[PDB]
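What follows is one chain in structure tokens, specifically the form deposited in one PDB entry.
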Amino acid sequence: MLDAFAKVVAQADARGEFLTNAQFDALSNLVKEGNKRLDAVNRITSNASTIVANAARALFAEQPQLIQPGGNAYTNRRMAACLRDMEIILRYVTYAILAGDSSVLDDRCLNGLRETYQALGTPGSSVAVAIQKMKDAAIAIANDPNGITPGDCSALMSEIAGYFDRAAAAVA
């Protein structure tokens, strides 16, 4: 598992170099933008339950074949496993948001997940839909301009979207 700083450090060690002024500037800028990051994490984490619930409801409304007898999300056990999966994906996403790097999401969540869903028979494309829903919702919540010190968070939201899209592409 790596964070942004650890990533730069590892890349520099592979070459056996001290950090250059450019890298010091970049990391310093990352630090200066830490409050926005902590805000995003705090918000998405604070609304995780409603994100997963609303995303699931919307999914099953759009694809009722998943929740009818014979579907993959039929019975309470498989429904619970689906809601659980969504919680996991959102969780490791938030991990990546705090870390500034997708290393933890990849290794501990996305690596080998396409194979799992193929073996079980779960349609990874539906999971991708779910991840898209949770993405839009989470970005809305994190970029809600009410009750916070105004400013520009456009670069952070594109990164969060980067992690979500990364997951969706990983499962689909």
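Counting begins at 1, following the sequence as shown. The term rigid core refers to the maximal set of C-alpha atoms that superpose within 1.5 Å between the two forms.
Comparing 91-99 with 78-86, the higher mean C-alpha B-factor in the PDB entry belongs to 78-86.
Stretch comparison (23-31 versus 65-73) by mean CA B-factor in the PDB entry places 23-31 on top. Ranked against the other modelled residues of its chain, the C-alpha B-factor of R57 as given in the entry falls in the lowest third. In the deposited entry, the Cα temperature factor of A167 sits in the top third of values across the chain's modelled residues. Per the PDB record, residue ranking by Cα B-factor puts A10 in the lowest third of the chain. Ranked within its chain, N47 lands in the middle third, by CA B factor from the PDB record. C153: CA B factor lies in the middle third for its chain, per the PDB record.
Beyond what is shown, the protein has a form deposited in another entry; the following relates to that form.
Relative to the superposed core, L19 undergoes a Cα shift of 2 Å or more between the shown form and the other one.
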